[PDB]
């Protein structure tokens, strides 16, 4: 019955800082803003920012949100965010270029070259420990 992802909503403590991050560094389009949140769009992704002034960010675990990027744009993106002072949380190890960075609250983000099909094809050629396919 479900059709795919409809929207992603992130708690944010500092709404102005988060809008500026997602709009200006990550290139989201700001579609609406109000006293307690904002709606942005990137491709078909609907992002909601929900203002929660006491929010401290997530604890340390592997939950994260990956955005796509083309191969030819990857190096420039990584270099741009590095030059802006963005903090990284992981060095890439899996198939396809990836840049693993934190948002202003500490949500874990990724910019990734590739998709599920390229991952599965790389895994078929070199399956992970215990790996089995559909």
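Numbering follows the first chain given and starts at 1.
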Going by the entry, of stretches 52-60 and 88-96 the one with greater average Cα B-factor is 52-60
Would you mind comparing 104-112 and 29-37 for me and telling me which has the higher average C-alpha temperature factor in the entry?
-> 29-37
Place residue 131 in the lowest, middle or highest third of its chain's C-alpha B-factors, as listed in the PDB entry.
-> highest
Sort the modelled residues of this chain by their C-alpha B factor and say whether residue 12 lands in the lowest, middle or highest third.
-> lowest
Give the position of residue 70 by CA B-factor within its chain, expressed as the lowest, middle or highest third.
-> middle
Among all modelled residues of this chain, ranked by Cα B factor, put residue 81 in the bottom, middle or top third, i.e. lowest, middle or highest.
-> middle
